[PDB]
Protein chains: 2
Amino acid sequence: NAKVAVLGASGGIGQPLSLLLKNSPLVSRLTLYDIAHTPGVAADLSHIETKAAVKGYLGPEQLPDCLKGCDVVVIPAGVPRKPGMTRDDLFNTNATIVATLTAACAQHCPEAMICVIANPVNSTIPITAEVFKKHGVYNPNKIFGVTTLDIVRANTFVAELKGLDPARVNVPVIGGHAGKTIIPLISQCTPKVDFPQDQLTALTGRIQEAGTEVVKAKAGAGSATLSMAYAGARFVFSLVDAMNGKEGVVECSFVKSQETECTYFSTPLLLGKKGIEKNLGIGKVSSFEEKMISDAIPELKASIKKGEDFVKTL
Amino acid sequence: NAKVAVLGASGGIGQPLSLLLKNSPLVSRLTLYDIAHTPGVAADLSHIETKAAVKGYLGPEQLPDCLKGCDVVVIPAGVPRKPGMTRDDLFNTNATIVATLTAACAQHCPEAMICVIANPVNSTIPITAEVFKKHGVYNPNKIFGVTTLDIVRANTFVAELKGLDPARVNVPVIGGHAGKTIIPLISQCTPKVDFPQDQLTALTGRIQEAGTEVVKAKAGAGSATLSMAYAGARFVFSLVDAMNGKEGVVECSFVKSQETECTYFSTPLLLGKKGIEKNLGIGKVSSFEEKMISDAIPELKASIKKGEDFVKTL
Ligand SMILES: NC(=O)c1ccc[n+]([C@@H]2O[C@H](COP(=O)([O-])OP(=O)(O)OC[C@H]3O[C@@H](n4cnc5c(N)ncnc54)[C@H](O)[C@@H]3O)[C@@H](O)[C@H]2O)c1
Ligand SMILES: NC(=O)c1ccc[n+]([C@@H]2O[C@H](COP(=O)([O-])OP(=O)(O)OC[C@H]3O[C@@H](n4cnc5c(N)ncnc54)[C@H](O)[C@@H]3O)[C@@H](O)[C@H]2O)c1
Ligand SMILES: [Cl-]
Ligand SMILES: [Cl-]
Ligand SMILES: [Cl-]
């Protein structure tokens with residue numbers, strides 16, 4: 001019976017994400033929002049033989065109605081990268097978008113789980129938090145920077161190298177969602193996997209640079225869409241399952257954190273009826289992994305600060 | 001398990017269809033083909049943590065390697081309607097696309113199930129048949145015009161009207177895939193539903209005009225994509241399960257037929273290891289349904305001849 005909104009539903013991520021959500025018996029109502037094309041996307045999805053009632057909304061006049069009653073809001077709304085761009089190069093465009101949409105969430109569904117996909121995630125989650133604080137409704141257990149694609153990628157690449165079924169592989173990925181802030185904890189992988197350091201370093205780089213490589217492959221036609229839909233829906237399903245009282249649901253996500261000096265940071269989170277039930281910690285890590293954590297922290301702090309500073313201007 | 005090719009994989013249907021297939025444990029290898037953008041789509045999908053190996057192919061020089069060893073080929077390749085168009089306005093452009101692609105299938109994977117989505121289905125199926133005959137490999141039990149979206153719509157619409165879970169509703173839909181040739185057998189719906197004739201005729205028109213409704217709603221940005229991804233995947237899964245020896249698998253599809261004087265016709269089909277096991281036929285129909293079938297026959301015969309006449313020009 002979960003009521004889920006997708007903001008940016010007409011986009012590259014939004015459309016297949018909305019499909020996966022409509023296909024799920026976990027979703028009773030699916031409200032779709034965008035500044036273009038949403039009615040057509042809703043009409044299309046509405047024909048699918050599943051229970052979720054689909055409704056489309058177009059333009060800021062209609063946004064409040066999309067949000068009212070929502071249990072979960074997912075926000076792919078934003079501009080994606082061109083080849084040669086960094087995720088930070090998106091900040092100046094996507095800051096405003098996220099700020100405006102999350103302000104609407106704060107006003108119209110302040111109790112919803114808020115799942116931000118729009119890049120750069122390392123700054124857009126701090127923006128969300130500070131927007132919520134401005135409206136007097138910040139709950140740090142309910143705001144999530146979606147990093148699931150990093151984990152999905154780690155699982156796939158590990159499985160490939162060891163000839164495993166990726167369905168049975170779970171790699172914790174910590175830190176943030178840009179470059180060297182993406183920290184895959186291969187030492188914590190299940191099943192246990194042994195790589196010599198040369199191969200381990202290559203694998204870790206491949207995980208870190210995976211998004212950039214898809215941008216390159218699409219040659220100007222955007223970034224990861226279909227695999228993000230997959231990863232985004234996974235995260236939403238875990239969240240909703242947890243909200244329905246399912247036990248033992250764990251996902252990595254970039255959240256308000258006191259695991260390091262960074263005020264936001266991704267670790268495995270036990271999910272529950274209230275959102276974050278418990279931050280499970282970084283855990284025991286290798287020397288290689290500890291140095292990566294150490295190396296990432298300055299970049300993460302700078303990105304958090306940039307987001308916070310922007311909301312100060314609003 | 002199953003080796004599936006998607007011809008037209010970068011399109012509105014092709015991408016989310018490819019996602020749904022990648023997500024499925026029934027699929028061991030997914031080969032993607034298009035004249036544009038395929039390498040990036042394959043890169044994106046290859047990151048999802050499921051077993052299917054994904055490989056992208058671009059342009060006709062690469063089409064044979066996409067097709068070799070395939071068990072199923074799905075063909076969403078073609079141009080979609082704009083508002084105001086009939087499906088036959090697509091004939092000149094799609095007839096050639098389908099002829100060329102099915103000719104490559106006939107040559108490189110003649111044993112595969114061929115699942116045609118491209119419109120107008122009522123003509124593109126006969127095209128495929130005559131191309132396969134031209135190559136001396138026509139098997140009538142392995143060529144399918146995908147009408148599943150008409151069934152999916154009927155289930156959803158009946159479920160809405162009767163306050164039922166659409167997951168449990170099954171309406172047989174027969175005839176063809178255009179306008180009045182789409183014939184919903186509400187009299188054979190499970191569970192049994194009683195509509196007065198006024199609601200029945202309205203419901204039946206809604207089903208018939210549903211595609212046009214979605215083209216209208218999208219207002220120039222294409223036709224049904226996400227719902228067709230859903231319906232195409234459904235069909236492909238039914239086929240594959242049947243291929244793996246699952247019993248009692250029935251799907252309606254536009255196929256070579258002797259049920260009526262139309263040489264191609266959609267009825268419920270029992271699927272098995274060789275494609276079509278048994279055409280279950282029209283069955284018992286109401287007077288209202290009998291008249292629809294009767295009125296449809298001329299249009300269907302003219303569409304069949306149109307496709308056949310086209311292959312004569314090659
Ligand atoms: N977190 C991750 O792992 C991850 C992965 C891939 C992409 N991304 C990011 O997700 C974002 C979306 O990517 P995409 O490929 O869908 O791009 P897109 O350009 O294809 O779609 C963006 C959609 O957002 C909409 N939009 C823009 N401003 C809006 C507003 N103010 N209100 C409502 N809707 C608005 C657009 O109309 C469009 O439909 C990008 O910022 C991208 O970098 C994140
Ligand atoms: N059977 C049904 O119920 C049903 C439902 C909806 C749409 N359709 C039909 O499906 C077709 C696809 O619609 P869409 O929305 O994906 O359109 P689309 O225009 O978005 O995508 C079409 C794709 O086909 C590709 N393509 C074109 N020519 C090709 C060729 N010669 N070889 C390989 N690929 C080629 C394009 O490059 C593009 O990637 C249309 O004809 C549409 O009417 C059928
Ligand atoms: Cl980056
Ligand atoms: Cl917290
Ligand atoms: Cl009836």
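Note: hydrogens, waters and symmetry copies are ignored here, and every other heavy atom, side chains too, is used. Throughout, a chain's letter reflects where its sequence line sits, starting with A, and its residues are numbered from 1.
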Please lay out, stage by stage, how A:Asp44 and B:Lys218 fare under the test salt bridge (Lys or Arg N to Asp or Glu O under 4.0 Å). CA-CA 9 Å; A:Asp44 184 347; B:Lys218 292 197 175 196; 3.2 Å; yes
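Among residue pairs with one or both ends in residues 75-93 of chain A, those qualifying as salt bridge (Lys or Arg N to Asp or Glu O under 4.0 Å) are A:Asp88-A:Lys306; sequence neighbours excluded. For residues 99-116 of chain A, every residue pair satisfying the side chain to side chain donor-acceptor pair (under 3.5 Å) rule, not counting sequence neighbours, is listed here: A:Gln107-A:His135, A:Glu111-A:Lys142.
For A:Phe235 and A:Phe144, the ring centers are positioned less than 6.0 Å apart. A centroid separation of less than 6.0 Å is found between the aromatic rings of B:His47 and A:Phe157.
The number of heavy atoms from other shown groups lying within 6.0 Å of NZ (A:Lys278) does not exceed 12. Residue-environment remark: CG (A:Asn1) stays at or below the threshold of 12 foreign heavy atoms within 6.0 Å. Heavy atoms of other residues, nucleotides or ligands lying less than 6.0 angstrom from CD of A:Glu247 number 12 at most.
A side-chain donor from one of B:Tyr230 and A:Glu49 sits under 3.5 Å from a side-chain acceptor of the other. In this model, a donor atom of one side chain and an acceptor atom of the other lie less than 3.5 Å apart for A:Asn122 and A:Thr181. Using a 3.5 Å distance cut-off with no hydrogens or angles, the side chains of B:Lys22 and B:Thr50 do pair a donor with an acceptor.
We find that A:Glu160 and A:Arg206 are joined by a salt bridge, their nearest charged nitrogen and carboxylate oxygen being less than 4.0 Å apart. Under the 4.0 Å criterion applied to side-chain N and carboxylate O atoms, A:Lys216 and A:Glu213 are assigned as salt-bridge partners.
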